Amino acid sequence: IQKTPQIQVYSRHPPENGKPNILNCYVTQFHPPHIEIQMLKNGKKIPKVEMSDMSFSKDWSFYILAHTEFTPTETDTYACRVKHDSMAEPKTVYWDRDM
Amino acid sequence: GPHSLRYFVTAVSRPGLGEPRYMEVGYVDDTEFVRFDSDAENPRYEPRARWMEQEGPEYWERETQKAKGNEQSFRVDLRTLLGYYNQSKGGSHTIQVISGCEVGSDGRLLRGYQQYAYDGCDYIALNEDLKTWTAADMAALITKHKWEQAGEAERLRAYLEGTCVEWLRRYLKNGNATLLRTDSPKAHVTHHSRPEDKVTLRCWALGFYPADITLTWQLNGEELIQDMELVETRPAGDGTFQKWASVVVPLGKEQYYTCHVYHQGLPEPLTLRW
Amino acid sequence: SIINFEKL
């Protein structure tokens with residue numbers, strides 16, 4: 001079976017510019033388990049990215065969380081890019097702090 | 001309240017690209033606490049919780065060797081399955097297993113599980129009785145016979161009611177301060193504009209534990225379920241969870257809607273208005 | 001502690 005990932009980008013706390021926070025990219029409901037996930041700070045790749053909270057749902061779909069510590073700025077734009085066999089080209093999801 | 005020890009196992013082949021990747025991830029309730037990744041630099045069982053550092057060298061070495069044993073065992077299973085299914089050696093394949101036990105407040109096993117899947121589909125699973133197996137297809141029937149002939153359900157019944165339950169007790173003991181805590185959620189409503197003089201009210205619940213929570217929007221009494229959008233509760237990177245539920249309402253009339261947060265960490269449920 | 005698995 002093959003399922004397309006749902007990608008959700010969000011922070012641990014409500015963003016306060018200049019204040020420390022955790023940016024998470026929760027990729028879910030995908031299959032096969034082969035996947036590449038990158039978190040980008042203004043188009044450039046972030047190094048300090050942790051992989052955690054892996055699990056399967058009732059229907060066996062994979063769930064995985066990518067997260068990093070970050071300090072939001074009014075001008076910096078953050079995003080999460082996912083490459084997976086179920087997609088033609090990599091999908092990029094942007095962090096929308098005004099959500 | 002009840003508690004559980006679950007392990008998510010994955011074996012995924014990579015024909016041509018190398019050896020299969022094997023992973024074992026463990027959870028006590030909603031907390032990840034152990035992991036084994038064969039693609040790691042130095043494949044050892046690692047603690048994913050601060051409290052597991054209380055466990056010494058014998059534990060880590062014992063678990064590491066066991067993980068390596070399972071790894072080698074799944075490499076044999078992957079090939080075996082190609083045959084049961086008449087599959088070519090080229091494709092990549094995945095075997096998943098959920099294994100664990102839930103015990104109630106009194107300490108009696110509420111539920112024990114051992115279920116398998118191949119390529120995202122149910123393959124075989126131990127039944128409620130912890131004595132019989134349910135095979136999902138023609139191929140699974142072969143494993144079922146091999147397992148009946150081996151008295152595998154007995155072996156599992158022993159693990160589930162014995163070992164699983166004892167270790168869960170040791171874990172809850174070693175990490176009670178973390179595992180038995182309760183973080184009440186902090187909620188807030190965000191406003192959002194949109195076409196046709198409509199607005200998006202989004203109720204946010206943040207920093208709570210355990211993961212179970214209930215968020216509902218109400219039109220002064222009625223819970224608007226059908227006309228409410230919401231995400232699956234999700235981990236926030238530091239051991240807590242978050243969630244949100246939104247509802248689109250006519251502009252100027254937002255003050256007739258209330259959000260209600262239900263969670264075990266609260267004396268009374270929360271009620272919020274924009 | 002996770003169980004040691006049997007072959008399919």
# chains A, B, ... in the order shown; residues from 1 in each chain; ligands from 1

call {"tool": "residues_around", "arguments": {"residues": "residue 74 of chain A", "least_positions_apart": "5", "cutoff": "10 Å", "atoms": "only C-alpha atoms", "output": "MDAnalysis selection string"}}
result
chainID A and resid 15:18

call {"tool": "interface_residues", "arguments": {"of": "chain B", "to": "chain A", "cutoff": "8 Å", "atoms": "only C-alpha atoms", "output": "count of residues only"}}
result
19

call {"tool": "interface_residues", "arguments": {"of": "chain B", "to": "chain C", "cutoff": "9 Å", "atoms": "only C-alpha atoms", "output": "NGL selection string"}}
result
:B and (5-7 or 24 or 26 or 63 or 66-67 or 69-70 or 73-74 or 76-78 or 80-81 or 99-100 or 140 or 142-144 or 146-147 or 152 or 156 or 159 or 163-164 or 167-168)

call {"tool": "closest_residue", "arguments": {"among": "A:58, A:71, A:76, A:82", "to": "residue 38 of chain A", "atoms": "only C-alpha atoms"}}
result
A:82

call {"tool": "residues_around", "arguments": {"residues": "residue 37 of chain A", "least_positions_apart": "4", "cutoff": "7 Å", "atoms": "only C-alpha atoms", "output": "number ranges by chain"}}
result
A: 80-83

call {"tool": "residues_around", "arguments": {"residues": "residue 175 of chain B", "least_positions_apart": "2", "cutoff": "9 Å", "atoms": "only C-alpha atoms", "output": "count of residues only"}}
result
12

call {"tool": "closest_residue", "arguments": {"among": "B:14, B:191, B:181, B:198", "to": "residue 30 of chain B", "atoms": "only C-alpha atoms"}}
result
B:181

call {"tool": "decode", "arguments": {"residues": "chain C", "atoms": "C-alpha atoms", "output": "compact mmCIF listing (two decimals), in the first residue's frame"}}
result
# COMPACT_ATOMS: atom_id res chain seq x y z
CA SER C 1 11.68 -5.09 27.58
CA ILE C 2 10.42 -6.18 24.17
CA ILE C 3 9.85 -9.83 23.35
CA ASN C 4 12.22 -11.76 21.10
CA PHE C 5 10.42 -12.64 17.86
CA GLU C 6 9.76 -15.95 16.16
CA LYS C 7 10.10 -16.58 12.41
CA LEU C 8 7.15 -16.33 10.01
